[PDB]
């Protein structure tokens, strides 16, 4: 049984209370919602271990989405941060502004998106797990994962040194590939990993360019604030 306040009248984005450590994945769908002006609700989950929540996301993490299907016959769900980006682009990005408008654009968007999904994302997750969460400190494992993060920064730096390559996938504009990558490739995150972000100058310039976008600024403000307003948990007003 769902909490009485969980109703799906529009896209519902599931988050947790905003902290330094709780927002690097939930901000991704929120950036795209803000870029496209998608109507949406925010649901602050007190416990991702709650049985009702595992019915939405069997991986028991945020972000997750519930939404009405286009014809209204079904409740759709999206989970895994990359999947939430794919879902929002499919349902709401009519012109392929962030998803890609042709096979050529989508080929590069999916390359750079999937590189984040399979390489930097899981490597960063494992680094954080062994650094902070694992009951025993395994420094040789932590060092290897940190090394692998620098290799991923090297790949992104190479790409952003290519002539006219202002964004990761497309030369001309940011895509879901850039949105997926940004939270794991910005100065604050590099510093958490014990790295000097200045050692990847084109990647740092790209992170600042992304950070100056009004939708990205709004997304970071909102994700920090969730659960700290008039309502702590549940459907926000």
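Residue numbers count along the first chain shown, from 1.
- The PDB entry reports B-factors from which the mean C-alpha value can be compared for 89-97 and 131-139; the larger average falls on 131-139.
- As the entry records it, the average C-alpha temperature factor is higher for 65-73, out of 173-181 and 65-73.
- Residue-level temperature factors show residue 25 in the lowest third of its chain, judged at the C-alpha atom.
- The deposited CA B-factor of residue 50 belongs to the highest third of values across its chain.
- The deposited CA B-factor of residue 32 belongs to the lowest third of values across its chain.
- For residue 38, the recorded CA temperature factor ranks within the middle third of the chain's modelled residues.
- When all modelled residues of the chain are sorted by CA temperature factor, residue 192 is found within the highest third.
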